[PDB]
Amino acid sequence: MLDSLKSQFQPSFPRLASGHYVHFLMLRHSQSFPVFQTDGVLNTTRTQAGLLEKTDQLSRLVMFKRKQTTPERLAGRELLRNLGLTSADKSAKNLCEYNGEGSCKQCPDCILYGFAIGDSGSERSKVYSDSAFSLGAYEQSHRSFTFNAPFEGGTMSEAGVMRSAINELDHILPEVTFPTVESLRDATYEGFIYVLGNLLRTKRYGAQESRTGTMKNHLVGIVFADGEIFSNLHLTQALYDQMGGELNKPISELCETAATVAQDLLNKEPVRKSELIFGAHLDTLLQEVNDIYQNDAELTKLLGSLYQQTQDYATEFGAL
Amino acid sequence: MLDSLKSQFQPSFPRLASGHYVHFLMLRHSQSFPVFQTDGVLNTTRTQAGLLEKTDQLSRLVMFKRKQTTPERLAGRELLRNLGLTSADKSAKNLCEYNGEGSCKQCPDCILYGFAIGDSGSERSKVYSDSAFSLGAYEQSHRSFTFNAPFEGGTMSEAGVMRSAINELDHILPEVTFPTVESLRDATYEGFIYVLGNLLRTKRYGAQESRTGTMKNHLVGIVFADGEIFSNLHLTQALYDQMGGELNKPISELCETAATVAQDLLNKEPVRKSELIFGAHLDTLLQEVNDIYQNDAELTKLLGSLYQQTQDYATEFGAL
Amino acid sequence: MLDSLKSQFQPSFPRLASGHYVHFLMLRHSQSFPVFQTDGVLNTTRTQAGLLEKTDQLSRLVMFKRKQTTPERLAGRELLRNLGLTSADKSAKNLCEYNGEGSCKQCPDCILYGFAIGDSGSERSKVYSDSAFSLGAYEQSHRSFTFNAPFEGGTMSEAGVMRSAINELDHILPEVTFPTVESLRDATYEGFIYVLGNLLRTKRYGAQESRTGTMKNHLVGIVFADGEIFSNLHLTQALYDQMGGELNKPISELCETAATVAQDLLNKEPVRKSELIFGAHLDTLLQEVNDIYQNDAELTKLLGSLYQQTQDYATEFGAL
């Protein structure tokens, strides 16, 4: 399986895109009450329910554009430090900061996900995400919860009366699904294993990182192609049409439906498709990548390779 | 169907336009929050609402002139490198560089979408665009989103005080339609398949590509005619008249009513119309240009002959 | 044994996560009719019963996002006050109020479990949990009682009346269990023993110490890892499938099955494991750390150095 896929990749990171995309068709299933916001309320927008049959307007939750992908990103940096390929000690040569001018130009994060400082310029993301939409209606997918605010006395008062204005926040129900296609451009085999790593290995998405928003990244297909396949909203609208809106059905049936909708859509997409990894071939591919992780030497090897490569790219086609 | 269209096109690119213009009438539908900006705010302009249901006062969003031509253009250059017709690397015979201190004068991109170089020659675009306009008003078609860039330690605190890396950004909504009429002049058939290819194949349009700005172009008619045709704005104002407000209707009701408006408008413009591909003829033509782009041998052939023609154009009529 | 594990931790808290986690797996068993809400009714969510042999009518109880952080946290702060390294006394040098401008930036609670002063300083939590989901249906986990109000005198038996507050109130039945996973980032060894104490010591759940709401924290494993293990919901779904839905079997059968379900799930996730502790190697760890927790002469030394490290951290990286 994996030994075959090494043929589908570039031998080193190219100057400009050579038209090789790999697309990851995921279902993100909520577990434990994520929050997604850019103001005092959950992000939501009206959409058509589905493409052909289900036709009414339907308010959907929006997993807005970086809640989708900075949890992936920062989970990768956590491994690059753990393997000693980067460091946070400001006196070390291996330094890489985030969101500041100390952020390096050499490491797999900076090159696969991108940077901009001014000095030493900038690099554009090779991982293209999109904003994702809840498969079902917002008004069937949410609750607003009051949050308790006690004092060290073990009771709700300083003295005589309680704390005024105990507040609410709005949270997303478990077992609601955000179908999402994320895509990697012009990468090497190692670079694929780093990004596919981050997608499977990260779990904490929501606002309150340390109290909620662990999610399940149920990857349904990996599709190699010469361009952009369908949008995330187009996959959601198709996936609703295929079920006629009876979305209250078991998660594995929704996972097999997403596989069969993806193939129905991919066969009417104007792109060459060298490999459509789905189903029993994919459950073989993902278990064999989960055996490249779960091992110290196999990761040391590949990521070291990646770093060499990403460093070479930084030296020949990045800064200076 | 496409074997009939070979009779409409010219047998090689001519020295001057002989009046044979092919036009692509499209609705571009936002799939994920585009940014169409030039100056740190979304582009808008006040317009008459429609050709009747009049005002001089409806503010509608602008997909400004380049924001549509470059994403299409660059998806072509990506395919030319992928089919191995051109290359990205210095010290090769078929290098093509974009916006560069030099460039080739030979590849399909250079001859169809155009170039200029200050020490050398220039060539005008065979592909013509307007700025595209939103069918609905700005206030019903946008939201502004806060974004923040913390230290990856999970707070804005730089060891005790807030660096406050926070601002707000303006975004177009999904389900927002930009009616568009692209045009191509004095083409060859494989040149038309290249341009129709780029319109069908590209999806990442706006600013911040790696995170936002998927669209779907639904092509509603391909008109072959002896002249220029209605503006993006004139089509938009006729489509707003035909619906009379009421813009929250389904996407399938928009694509069919746009085809109806386009035919009424095509009867009022002083052009001979050699062919009017709409409806069931169009979703046959699009299905056969899908099976060109999905097939590796056919696509190599067509686009290879295009390469030769554009090279012949270069050495006989272009910058040599 | 326990000082070999001391190697699997850093000699200081780091500036950013160097990618070491330890995760604690625990079946929180209920008795004494608990209440996990201060909002209206016992929190309940419909779920699929499990990953196979599954239906999605299963409205299980949920323990929400701080109803299992704030107990352990307050029960821990009360220890490091009782052992004498911080105080609640109005103007002491070592004062740590739980909220507001006098609240600490340098005691172990503030660095392990987190803080924000609104503005003027914050640090993100190092200990992570999600809302936990019960192993059974609400209708198979439910009893109700009622509220009576003998404030002063409180006797009305010849009149035949009681006060306006009287209502029927739902409470969580005994023999129920709430599988939970908790974890901490980048600990020192004494900080690991501190949190492992707080997990093991705490009895009370909900807002108050009187009447209902005391529970048994049956720790089923601890696992050292390079990232997130399964979700709080995934374990309960996986264990319900393995147990085959018939929950009424003895509590010891719940406790042994969770170690063999953890051993299966832990081998599927893309996560390295420096260590994993279960069965005969877990109970021999737990009896040893509980020996520190009842031998105050060495307990003081442990937390003593924690404070030394917590404050070295607070002035090096936390809040100067």
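Residues numbered from 1 in each chain as written, not as in the entry; some residues may be left out. Chains lettered and ligands numbered in written order. Part of a larger assembly, values for the part shown. Heavy atoms only, no water.

Looking at the entry header, you'll see cryo-EM listed as the method and 2.9 Å as the resolution.

Trainee: Please clarify how the pattern of salt bridges should be interpreted in this entry.
Mentor: For the structure shown, the criterion picks out 41 salt bridges over all chains. Across the salt bridge formed by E78 of chain A and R185 of chain C, the nearest N and O atoms sit 2.7 Å from each other. On the criterion of chain membership, the pair formed by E78 of chain A in helix α2 (residues 70-82) and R185 of chain C in strand β10 (residues 177-185) is interchain, its members lying in two chains. We classify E78 of chain A as buried; its relative accessible area is 4%. What you see here is one network of salt bridges that share partners, running through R73, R77, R81 and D109 of chain A together with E152 of chain B. (Salt bridge = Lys/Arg side-chain N within 4 Å of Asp/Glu carboxyl O. Helix = DSSP H or I, 4+ residues; strand = E, 2+ residues; numbered from the N terminus. Buried < 20%, exposed > 50% of the residue type's maximum accessible area, 1.4 Å probe, protein only.)

Trainee: Would you mind showing me how to read the packing of helix α4 (residues 189-201) of chain C against helix α7 (residues 280-292) of chain C here?
Mentor: The geometry of a pair of packed helices is captured by two quantities: the angle between their axes and the separation between those axes. Residue and element names in this part refer to chain C. In contact at an axis separation of 10 Å, α4 and α7 are set at 100° when each is read in the N-to-C sense. When the axis of α4 is compared with that of α7, the two are roughly perpendicular. Contact residues: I193, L196 and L200 in α4; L285, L286, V289, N290 and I292 in α7. Partitioned by chemical class, the residues of the contact of α4 with α7 number 7 nonpolar, 1 polar and no charged. (Axes fitted to C-alpha atoms, helices over the stretch in contact; angles between N-to-C directions. Parallel < 35°, antiparallel > 145°, perpendicular 65-115°, else oblique. Contact = heavy atoms within 4.5 Å. Nonpolar A, V, L, I, M, F, W, Y, C, P; charged D, E, K, R; others polar.)

Trainee: Where do I start with helix α4 (residues 189-201) of chain A in this structure?
Mentor: Residue pairs spaced three or four apart in an α-helix point in one direction, given the helix's 3.6 residues per turn. Given a rise of 1.5 Å per residue, 13 residues ought to cover 18 Å, and the 18 Å separating the end C-alpha atoms of α4 of chain A matches this to within 8%. Burial analysis of α4 of chain A places 13 of its 13 residues in the buried class, the great majority of the element. (Expected span 1.5 Å × (residues − 1).)

Trainee: Sorry if this is basic, but what is going on with the interface of chain C and chain B here?
Mentor: Quite often, the size of an interface is put as the accessible area lost when its parts meet. Counting residues at the interface gives 13 residues for chain C, matched by 9 residues for chain B. Between chain C and chain B lies a buried interface of about 840 Å² when both sides are counted; carbon and sulfur atoms form 55% of it. Looking only at chain C, the three residues that lose the most surface to chain B are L16, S122 and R124 of chain C, adding up to 52% of its buried area. Inspection of the chain C/chain B interface yields 0 salt bridges. Taken together, the links from chain C to chain B amount to 4 residue pairs in polar contact. Elements represented by at least two residues in the side of chain C that touches chain B include exactly β5 (122-123) and α8 (296-318) of chain C. (Buried area = accessible area lost by both parts, 1.4 Å probe. Polar contact = N/O pair within 3.5 Å; in protein donor to acceptor, adjacent residues only side chain to side chain.)

Trainee: What's the story with the interface of chain A and chain C in this structure? I'm lost.
Mentor: Across the boundary between the two partners, chain A contributes 50 residues, which contact 54 residues of chain C. At the boundary of chain A and chain C, one finds 7 salt bridges. Of the charged contacts, one joins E97 of chain A and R15 of chain C as a salt bridge, the two residues approaching to 2.8 Å between their closest N and O atoms. Those elements giving two or more residues to the side of chain A that touches chain C turn out to be α2, β8 (142-146), α4, α6 (251-266) and α8 (296-316) of chain A. Considering every element that reaches the side of chain A that touches chain C, the biggest residue donor is α2 of chain A, with 4 residues.

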